[PDB]
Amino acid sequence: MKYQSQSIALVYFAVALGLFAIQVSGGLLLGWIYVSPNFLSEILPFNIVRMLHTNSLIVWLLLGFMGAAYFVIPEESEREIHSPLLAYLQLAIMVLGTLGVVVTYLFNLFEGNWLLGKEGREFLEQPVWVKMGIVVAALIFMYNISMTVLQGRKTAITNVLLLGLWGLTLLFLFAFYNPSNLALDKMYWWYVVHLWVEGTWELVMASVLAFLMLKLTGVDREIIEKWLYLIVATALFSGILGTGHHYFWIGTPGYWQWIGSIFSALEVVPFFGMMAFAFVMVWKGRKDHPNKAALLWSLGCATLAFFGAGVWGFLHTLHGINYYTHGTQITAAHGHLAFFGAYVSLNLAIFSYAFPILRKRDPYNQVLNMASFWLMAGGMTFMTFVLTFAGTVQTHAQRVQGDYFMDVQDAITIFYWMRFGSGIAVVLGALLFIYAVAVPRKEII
């Protein structure tokens, strides 16, 4: 550490990792319900488990970003954080919020209540008190890190990061606008989901990936920060209009089929940018950094995000294909690999970098940490292959041939067992990473 407040990041990572373990176990369960549909079919129905799989994903990824912000800000701003008390109060709000969500979904508390009961759109089912909690927590967060940059050194890393983070926060406000008109509802719903993941969150991914490469390779500011601004340019140029790929079939105008389909293809540019950025910086820079694992997650992140977000994205992004594959298992395959490479791996890469620093010791459990990456990445891409096949069989069987939903699903049972199996790998993988980060032991040879 250079600054003592950088250890707040360790509490954030701790909770986030706690929540990461719940998230994949939620996934495994969902997978198992797919092959064994009668399981807990009255106490824990699929839609309940799903909310839990998806929300804990959003919440833990955010805590990852918050944690990462509390680590990366003081280091770049050359000063201590404006107020530790705010950081802890922020995280307490978060933990309270995330507890309320778990307990509300499970037991169906206050069904119907405008403020206390669950809402009901994808990823935005949080009782409105929790949504409020998140905003209050986010604002506190934004105030706190902003003051720390204002009063310290400003750099390109810090700027992109603050933008992405500010944009992320403010776009969350759209989660409050729930128009009685389904088409309108769907249109502003993507302001949250897509302008997060392909907009604001992309800034955060690139700026943190900048900071990573900066430290692991030892290439200098000016080379890193050039590439930074270039990458995030191509992202916002393609990302914002590319929102139109979600505007094909929801009742928006026909013109989005063109705008959207074109700007979508351009979205593979920044994900290629980052993959190459990561690979050159390495080849180009110092190669003896002790933190072998934070390196691997970093390349892993930029690479899988390219295959996940870029290629599999492109694959179903043109309306000609999308007409057929929309709302299908194909969608499920993109989303998993895209989320894993761009955001999970990125959080895991930054966790692997800061844990040793935070514990003041040498990169530890490197073989284990790295084994967790192969096991999670291995199992994750295998899952996405298997769901592509399945989605192809579906798309054909139901969208060209016209066979009925349920019947077609009996046809792809084998693929669902294969996903479930691949899930065992991801869960084992994720636990091992937690272990590797949480329990330093004698290194493996």
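The first residue of the shown sequence is 1; numbering continues from there.
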Open item on the list: Mean Cα B factor from the PDB record: higher for 83 to 91, or higher for 339 to 347?
Closed with: 83 to 91
Task: Of 119 to 127 and 254 to 262, the one with larger mean CA B-factor - done: 254 to 262
TODO: Name the residue from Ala183, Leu216, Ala138, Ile357 with the greatest C-alpha temperature factor listed in the entry.
DONE: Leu216
Task: Residue with maximal Cα B-factor (values as given in the PDB entry) among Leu236, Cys301, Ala332, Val193 - done: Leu236
Task: B-factor third for the C-alpha atom of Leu28 within its chain - done: lowest
Task: Ranked C-alpha temperature factor of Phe71 among modelled chain residues, by third - done: middle
Open item on the list: Is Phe307 in the lowest, middle or highest third of its chain when residues are ranked by C-alpha B-factor?
Closed with: highest
Open item on the list: Considering every modelled residue of the chain and its Cα B-factor in the PDB entry, is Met205 in the lowest, middle or highest third?
Closed with: lowest
Task: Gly199, C-alpha B-factor rank within chain (lowest, middle or highest third) - done: lowest
